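> The structure follows.
Cβ coordinates were reconstructed from backbone atoms using ideal geometry, including for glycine residues, and neighbour counts include every protein chain displayed. What follows draws every value from the coordinates through simple rules; no lab data is involved.
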Amino acid sequence: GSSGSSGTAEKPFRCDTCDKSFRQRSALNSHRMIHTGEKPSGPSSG
Ligand SMILES: [Zn+2]
């Protein structure tokens, strides 16, 4: 598994793709878009 997680992101927003976090909703809602393009190992919206 090689899992490495703990607690939660001090911030309310978090990217369930690269394990990121933002302070402003407009900052994350946009960052998630960058992931909605390439063909990474893990398809979504299906
Ligand atoms: Zn991300």
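> Consider the stretch 4-15. How many of its residues are surrounded by fewer than 10 Cβ atoms within 10 Å (Cβ to Cβ) and of a type in the set (D, E, K, R)?
The first filter runs over the stretch 4-15 and keeps only residues surrounded by fewer than 10 Cβ atoms within 10 Å (Cβ to Cβ), leaving 4-8, 10.
Cutting the leftovers down to of a type in the set (D, E, K, R) gives us 10.
Adding up the residues that qualify gives 1.
For (1) surrounded by 11 or more Cβ atoms within 10 Å (Cβ to Cβ); (2) of a type in the set (S, T, Y), each residue gets a yes or a no:
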{"residue": "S2", "(1), (2)": "no, yes"}
{"residue": "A27", "(1), (2)": "yes, no"}
{"residue": "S30", "(1), (2)": "yes, yes"}
{"residue": "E38", "(1), (2)": "no, no"}
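> I've got another one for you. Six or more apart or on different chains, Cβ atoms under 6 Å: show the pairs whose first residue is in the stretch 15-33 and more than 14 Å from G4 (Cα to Cα) and whose second is among the hydroxyl-bearing types (S, T, Y) and within 8 Å of the ligand (Cβ to nearest atom).
none
> Can you report the number of residues in the chain which are in a loop (DSSP other than H, G, I, E, B) and near the ligand (Cβ under 9 Å from one of its atoms)? Quick ask: steps written out before the conclusion?
Filtering the chain down to residues in a loop (DSSP other than H, G, I, E, B) leaves 1-12, 16-19, 23-24, 36-46.
From what's left, near the ligand (Cβ under 9 Å from one of its atoms): 16-19.
Within the chain, residues that are in a loop (DSSP other than H, G, I, E, B) and near the ligand (Cβ under 9 Å from one of its atoms) number 4.
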